[PDB]
């Protein structure tokens, strides 16, 4: 199998994990279906880097040093079912970055510096797994999970949820109403609807009473 240096390839799998890559390898085989780039030292993605990988189904970019995604970086990846961006340095994502990714089933974004739910995620109707843990989220916009009707795993822990602000009630009610899909991480997925906790009080978000919140406490 054609294969870049410091990767191992078999079939349509290109495995470049844990090989000290400082950049995405050149010449990634265009027939690739699974691409492991996780646990490297990749500090950026060049615009258009994945444009040729039209058959790609799974892309793992976790545990790198990414601070941004190029506009349209995943647009060619219409067959993509798994995307892992966890453990990077992402702050804000391009608004349209998920617009062509309706086939996506698993989207992992823990352990970044996200302060809002990225735009577009609410339209990814096929998601079964969505990981937002250990970011800087304070709330979830009203209705944002309403069409994610296939979800089985939602990771929301490790965020400083602002339980004083009335905007938290959407998430409060959502967690309360979907207890079976709220997951914590004990080195594995463990169902725990108390795992999303209020900033400061470290009380469960789902237990928050409407009356304890206020629409005047929403910076």
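Residue numbers count along the first chain shown, from 1.
- Taking only CA atoms, the mean B-factor in the PDB entry is higher for 42-50 than for the other of 170-178 and 42-50.
- On average the C-alpha atoms of 194-202 have higher B-factors than those of the other stretch, with 194-202 and 8-16 being the two compared.
- Per the deposited coordinates, the residue with the largest Cα temperature factor out of 149, 135, 88, 81 is 149.
- When all modelled residues of the chain are sorted by CA temperature factor, residue 116 is found within the highest third.
- When the modelled residues of the chain are ordered by their C-alpha B factor, residue 31 lands in the middle third.
- In the PDB entry, residue 100 places in the middle third of its chain by CA B-factor.
- The PDB entry assigns residue 142 a C-alpha temperature factor belonging to the highest third of its chain's modelled residues.
- In this PDB entry, residue 57 carries a Cα temperature factor that places it within the lowest third of its chain's modelled residues.
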